[PDB]
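Architecture and fold: a report
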Amino acid sequence: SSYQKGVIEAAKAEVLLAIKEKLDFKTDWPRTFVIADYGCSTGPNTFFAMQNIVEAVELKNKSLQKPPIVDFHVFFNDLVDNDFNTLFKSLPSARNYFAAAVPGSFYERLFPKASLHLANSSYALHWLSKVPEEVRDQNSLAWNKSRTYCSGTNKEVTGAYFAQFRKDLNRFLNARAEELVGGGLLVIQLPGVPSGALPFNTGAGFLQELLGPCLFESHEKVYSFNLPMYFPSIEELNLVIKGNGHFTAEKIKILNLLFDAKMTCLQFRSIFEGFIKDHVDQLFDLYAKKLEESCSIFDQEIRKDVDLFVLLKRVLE
Amino acid sequence: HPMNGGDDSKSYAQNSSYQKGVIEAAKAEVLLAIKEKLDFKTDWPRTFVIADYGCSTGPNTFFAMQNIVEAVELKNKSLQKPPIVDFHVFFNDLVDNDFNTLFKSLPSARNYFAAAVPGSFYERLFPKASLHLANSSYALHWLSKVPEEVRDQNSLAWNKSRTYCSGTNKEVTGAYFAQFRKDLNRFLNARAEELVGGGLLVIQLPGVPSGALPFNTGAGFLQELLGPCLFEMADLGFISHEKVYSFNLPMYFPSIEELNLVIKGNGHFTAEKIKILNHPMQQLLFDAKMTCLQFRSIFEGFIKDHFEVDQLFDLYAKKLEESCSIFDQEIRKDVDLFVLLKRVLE
Ligand SMILES: Nc1ncnc2c1ncn2[C@@H]1O[C@H](CSCC[C@H](N)C(=O)O)[C@@H](O)[C@H]1O
Ligand SMILES: Nc1ncnc2c1ncn2[C@@H]1O[C@H](CSCC[C@H](N)C(=O)O)[C@@H](O)[C@H]1O
Ligand SMILES: O=C(O)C1=CO[C@@H](O[C@@H]2O[C@H](CO)[C@@H](O)[C@H](O)[C@H]2O)[C@@H]2C(CO)=CC[C@H]12
Ligand SMILES: [Mg+2]
Ligand SMILES: [Mg+2]
């Protein structure tokens, strides 16, 4: 989780800035300030992220004439099979918030109406709720037979994947809109695609590009294999956010070492082994050799500017 | 220490039917508490917030919480402008509680938002004035620790002969009650901070009726049977006598008089009702096998930690079976204390 750690550390200045500039409940500040992390995993990364947020809100608190905030309540959300035991045992002893964990998909409601002041999600929202049905349909123009993911090179495949990403993100936004009070902030970080690029020439995309042929090395089951993820462009996020209506997009930007074949192969395996198993020795031996001969490509042909930062603000009334 | 986690045959989840009976018997008192004592006048919340202290791994906690939610919702719909829009239910236990198992057991089809909170209920767990109803079912007999005096070989309170406070040794009882008074008062102070004015605190715990001692309650007598099994294991050279002498559980079973004394001294709550429930298993014959597994699911951890088990519990099972008629004829069954408290308006 060290790369994801870096995203949070890179985003800290932005989070601090976002809260300093955009968090303002006017005459209606809470005594209990409530924060939720959507897709928290098992730590430590969620603890650093929540710590940075609490620190920023504390500064905000001190900045007001009559500091309104008495305490903090932080909620850690992940899927029901997340290892919450480990998360709980890892909670920082010295912290300034009451803590709770919440099981469930973040594509549903997870919290009471107008109970949240700030919502966060770091490196989670690229995970779709499912594979789009259309890319599985042998008779669709969107049949994604040649690849494990949306490369972005195929217009109809891209249509189906984006349709799913839009549906899922819009579901998330609707849910968070109900849970956040008016003026509440929603901070989102996820891997994406910078202007002038496509998924396939980002690191995550090209990794999938190397895997697809490895599987080809049952053909039928390879043709029907797809992953439930999407890496959006800034234009795509703006379309979804604008169509949604409940938030203003206060900021959307991309935040800023040699490729390690061995380490990457181990990390890639840990993330995707399950998906492959459900749909490994022989395969990841072939993948490790393929990453090996792709070092200079990762070093000098792949876009590394992929960490999207999104600050949204819950519209009033 | 938490109960046996997971969902196997030795687990708390699989062996806590007696405790579920306590919640079952409590249901009618919960309905009366809501009907009679839950009243926020013209400041009812839109989000009704409930916390369960000592929830374990389910399914009992989900049962207790569903009964409360339904009662409150019935009340809600009986108001001309039903004020409550949603429910938020918090599940609290120690940090080593098997929350993974708890969460896999939580109903995915339900009418309340849910969260779990790790930590000792002798500390603050929630923001100030955030809760409308606090629940604790068969948890508040657990002390924050064994009293220091009973571990002290030079003290008159040295509890060398028993695993718990029987009530028969005066110095041991003094040491244990002092700890209970301190602990429960600390629990009530913390809950007083967390509950809004007029909020309810609903409690059940194992206690002692008038004219009895811990010794001749089910909880006490099961410990009376454990002590000699440990002594026997020491005689047979599996553990040391020294280790037996030093073994004590952090538990106290109070009388109503004791509870009233602690409550009255605390001052943050009015005592709206204190009564002994009629347990639904009251008229059933003792079941040694099932009681053995119940008892194991609770105390296995304590024994493991102190002594560093299968053979012990085989011996224990034998003693339970042998003592069937004692449980059936000589043990007080009027032992499930129900307590309703109401946070005073500050
Ligand atoms: N629909 C969903 N609902 C809740 N959690 C989800 C989810 N889809 C994915 N996740 C979780 O999101 C996490 C992505 S990994 C990111 C962990 C952490 N936020 C960090 O920055 O390091 C995983 O723990 C995954 O289980
Ligand atoms: N200091 C403390 N803080 C929180 N939970 C505690 C505690 N001491 C004991 N407990 C918990 O209280 C529970 C007692 S068993 C009762 C479980 C449940 N309410 C039921 O009705 O079955 C255990 O889960 C134990 O771990
Ligand atoms: O939930 C618990 O912690 C327990 C739950 O139930 C307790 O035992 C029960 O204690 C009850 C109270 O005396 C009896 O009526 C029951 O027969 C008996 O099974 C366990 C016990 C035995 O020494 C002490 C406390 C423990
Ligand atoms: Mg495919
Ligand atoms: Mg002893």
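Residues numbered from 1 in each chain as written, not as in the entry; some residues may be left out. Chains lettered and ligands numbered in written order. Heavy atoms only, no water. Residues with missing side-chain atoms left out of burial classes, pairs and counts.

- The deposited coordinates for this entry were obtained by X-ray crystallography, with a reported resolution of 1.958 Å.

Topic: the overall build of chain A
- Of regular secondary structure, chain A possesses ten helices and seven strands.
- On C-alpha atoms alone, chain A measures out to a radius of gyration of 20 Å, which is about the 20 Å that the 2.2 N^0.38 rule sets for 317 residues.
- The dimensions of chain A, computed from C-alpha atoms along their principal axes, are 65 × 40 × 35 Å. (Helix = DSSP H or I, 4+ residues; strand = E, 2+ residues; numbered from the N terminus. Rg over C-alpha atoms; globule rule 2.2 N^0.38 Å.)

Some words on the interface of chain B and chain A
- Contact residues are listed per partner, giving 24 residues for chain B and 24 residues for chain A.
- Elements that contribute at least two residues to the side of chain B that touches chain A include exactly strand 2 (86-93), helix 3 (99-105) and strand 3 (113-118) of chain B.
- Broken down by element, the residue count for the side of chain B that touches chain A peaks at six residues, all from strand 3 of chain B.
- In terms of residue class, the side of chain B that touches chain A is made up of 14 nonpolar, four polar and six charged. (Contact = heavy atoms within 4.5 Å. Nonpolar A, V, L, I, M, F, W, Y, C, P; charged D, E, K, R; others polar.)

Some details on the coordination of the magnesium ion (ligand 4)
- The protein atoms donating to the magnesium ion (ligand 4) are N144(A) (O), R147(A) (O), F225(A) (O) and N226(A) (OD1), with metal-donor distances spanning 2.2 to 2.5 Å. For the pair formed by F225(A) and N226(A), the shared burial category is buried. (Donors = N, O, S within 2.8 Å, 3.2 Å for Na, K, Ca; no water. Buried < 20%, exposed > 50% of the residue type's maximum accessible area, 1.4 Å probe, protein only.)

Some words on the packing of helix 5 (residues 218-235) of chain B against helix 9 (residues 310-322) of chain B
Residue and element names in this part refer to chain B.
- Direction vectors running N to C along helix 5 and helix 9 enclose 135°, while the axes themselves pass 10 Å from each other. Overall, the two elements helix 5 and helix 9 adopt an arrangement that is oblique. Note that helix 5 runs across helix 9; the crossing there is right-handed. Here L222, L225, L226, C229, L230, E232 and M233 of helix 5 come into contact with helix 9, specifically with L312, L315, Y316, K319 and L320.
- For the contact of helix 5 with helix 9, the residue count by class is ten nonpolar, no polar and two charged. (Axes fitted to C-alpha atoms, helices over the stretch in contact; angles between N-to-C directions. Parallel < 35°, antiparallel > 145°, perpendicular 65-115°, else oblique. Left-handed = near helix turned anticlockwise from the far one by under 90°.)

Topic: the packing of aromatic side chains
- Counted under the stated rule, the structure contains 53 aromatic pairs over all chains.
- Cluster of aromatic residues (ring-pair linked, three or more members): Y38(A), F75(A), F106(A), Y107(A), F111(A), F172(A), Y53(B), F90(B), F121(B), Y122(B), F126(B) and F187(B).
- A cation over an aromatic ring shows up here: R95(A) above the ring of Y97(A), its NZ or CZ 5.5 Å from the ring centre.
- One residue, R191(B), lies across the ring of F187(B), its end atom 4.9 Å from the ring centre. (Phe/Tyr/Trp six-rings, centres within 6.5 Å; stacked < 30°, edge-to-face > 60°. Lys NZ or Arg CZ within 6 Å of the ring centre and 35° of its normal.)

Re the pattern of salt bridges
- On inspection of all chains with the given rule, the structure shows 24 salt bridges over all chains.
- For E179(A), the salt bridge goes to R109(A), with nearest N and O atoms at 3.2 Å. Of this pair, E179(A) sits in helix 4 (residues 155-179) while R109(A) sits in the loop between strand 3 (98-103) and strand 4 (116-122), and the two are 70 residues apart along the sequence.
- Here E179(A) falls in the buried class, since its relative accessible area comes to 0%.
- For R109(A), a relative accessible area of 30% gives the class partly exposed.
- A salt bridge links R191(B) to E194(B); the shortest N-O distance between them is 2.8 Å. Of this pair, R191(B) and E194(B) both sit in helix 4 (residues 170-194), three residues apart, which is roughly one turn of the helix.
- Among the charged side chains, a network of salt bridges with common partners joins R124(B), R191(B), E193(B) and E194(B). (Salt bridge = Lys/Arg side-chain N within 4 Å of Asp/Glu carboxyl O.)

Things to note about the site of ligand 2
Residues and elements named next belong to chain B.
- The full set close to ligand 2 counts 21 residues, and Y12, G54, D93, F121 and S137 are the nearest of them.
- The separation between a nitrogen atom of ligand 2 and a polar side-chain atom of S120 is 3.1 Å.
- One of the backbone N or O atoms of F121 is found 2.9 Å from a nitrogen atom in ligand 2.
- When ligand 2 sits alone it has 580 Å² of accessible area, and the protein chains cover 96% of it.
- Going through the elements one at a time, helix 1 (17-37) and strand 2 are the ones with two or more residues in the shell around ligand 2.
- Classifying every residue of the shell around ligand 2 by side-chain character gives eleven nonpolar, nine polar and one charged. (Near = heavy atom within 4 Å. Polar contact = N/O pair within 3.5 Å; in protein donor to acceptor, adjacent residues only side chain to side chain. Areas by Shrake-Rupley, 256 points an atom, 1.4 Å probe, with all protein chains shown as cover.)

With respect to the environment of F113(B)
- Position of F113(B) among the secondary structure elements: in strand 3.
- For the pair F113(B) and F286(B), spaced 173 residues apart in sequence, the C-alpha separation works out to 39 Å.
- Ignoring anything within four residues of it in the chain, the contact list for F113(B) reads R109(A), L110(A), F111(A), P112(A), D86(B), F87(B), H88(B) and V89(B).

Some remarks on the environment of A13(A)
- Secondary-structure assignment places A13(A) in helix 1 (residues 2-22).
- For the pair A13(A) and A56(A), spaced 43 residues apart in the sequence, the C-alpha separation amounts to 9.8 Å.

Structural notes on helix 5 (residues 203-216) of chain A
Residues and elements named next belong to chain A.
- Over its 14 residues, helix 5 extends 21 Å from the first C-alpha to the last, a length consistent with the 20 Å expected when each residue adds 1.5 Å.
- Listed in full, the buried residues belonging to helix 5 are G203, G205, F206, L207, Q208, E209, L210, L211, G212 and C214.
- In this structure, the buried side of helix 5 is in contact with helix 8 (261-278), helix 9 (281-292) and helix 10 (295-300). (Expected span 1.5 Å × (residues − 1).)

Digging into the coordination of the magnesium ion (ligand 5)
All names here are of chain B.
- Listed as protein donors to the magnesium ion (ligand 5) are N159 (O), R162 (O), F247 (O) and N248 (OD1); their distances from the metal cover 2.1 to 2.4 Å.
- Written as a sequence motif, the donor arrangement for the magnesium ion (ligand 5) is N-x2-R-x84-F-N. Within this pair, whereas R162 is found in the loop between strand 4 (131-137) and helix 4, its partner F247 is found in the loop between helix 6 (241-246) and helix 7 (256-266), the two being separated by 85 residues in sequence.

Observations regarding the site of ligand 1
All names here are of chain A.
- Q4, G39, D78, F106 and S122 are the nearest of the 17 residues found near ligand 1.
- For ligand 1, whose free accessible area comes to 580 Å², the fraction covered by protein is 85%.
- For the shell around ligand 1, the secondary structure elements donating two or more residues are helix 1 and strand 2 (71-78).
- Per-class residue counts for the shell around ligand 1 are eight nonpolar, eight polar and one charged.

Here we look at the pairing of strand 1 (residues 47-53) of chain B
Residue and element names in this part refer to chain B.
- For strand 1, the buried fraction is high: seven of the seven residues fall into the buried class.
- Residue alternation in strand 1 divides its side chains into two sets, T47, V49, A51 and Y53 and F48, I50 and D52, and both sets are buried.
- Relative to strand 2, strand 1 runs parallel, the two being bridged by seven bridges. The residue of strand 2 that forms the bridge with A51 is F90.
- Viewed along the sheet, the connection from strand 1 through helix 2 (residues 60-77) into strand 2 turns out right-handed.
- In the sheet, strand 1 pairs with strand 4 via three bridges, with the strands oriented parallel. For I50, the partnering residue across the bridge sits in strand 4 and is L133. (Pairing = 2+ DSSP bridges. Right-handed = clockwise from strand over helix to strand, strands pointing away.)

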